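Chemist: got an experimental structure here, sequence first:
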Amino acid sequence: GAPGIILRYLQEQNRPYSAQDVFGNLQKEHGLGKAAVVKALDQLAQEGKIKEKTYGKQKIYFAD
């Protein structure tokens, strides 16, 4: 349920976080895998739960 954890996280924070930000922050709190977080981020964006923007070579996600 990484998508649920990440979505809730983004909504509660109300702030944009990078793929690395979300993973790193939820790594110690929940123990989500790197691939799990990244795929869950794309899963949420595909479902239309969150939005995404590409900044250089990195990606940043936020709830909306």
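Modeler: Sure thing, it's come through. Numbers count the residues shown, from 1 in each chain.
Chemist: any idea which element the spatially most central residue of the chain lies in?
Modeler: The centre of the chain sits closest to residue 41, judged by Cα atoms, centre = their mean, with a distance of 4.5 Å. Assessed by DSSP states H and E, residue 41 sits inside helix 34-47.
Chemist: how about the next helix or strand after that helix: buried residues?
Modeler: Counting by DSSP H and E, the element after helix 34-47 in chain order, helix or strand, is strand 50-55. By neighbour count on 16 or more other Cβ atoms under 10 Å, the buried set for strand 50-55 is 50, 52. All C-beta spots, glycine's among them, are computed from the backbone N, C-alpha and C.
Chemist: output strand 50-55 as CSV, nothing but the C-alphas.
Modeler: This file holds the C-alpha atoms of strand 50-55, laid out as CSV (Å, rounded to 0.1, in the frame of the first residue of the first chain):
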residue,chain,number,x,y,z
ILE,A,50,-1.2,13.4,-7.6
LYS,A,51,0.5,15.6,-10.1
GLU,A,52,4.1,15.4,-11.4
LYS,A,53,6.7,17.7,-12.9
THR,A,54,10.1,17.0,-14.4
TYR,A,55,12.9,19.3,-13.1
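Chemist: run through the residues that contact residue 43.
Modeler: By Cβ atoms under 8 Å, 6 or more residues apart in numbering, the contact set of residue 43 is residue 3.
Chemist: point me to the residue sitting farthest from the middle of the chain.
Modeler: residue 56 (17.5 Å).
Chemist: got phi/psi on that residue?
Modeler: Main-chain torsions, residue 56, degrees, to the nearest 10: phi 80, psi -110.
Chemist: and if you look at residue 49?
Modeler: phi -90, psi -40.
Chemist: any idea how far residue 9 is from it?
Modeler: 12 Å (Cβ to Cβ, to the nearest Å).
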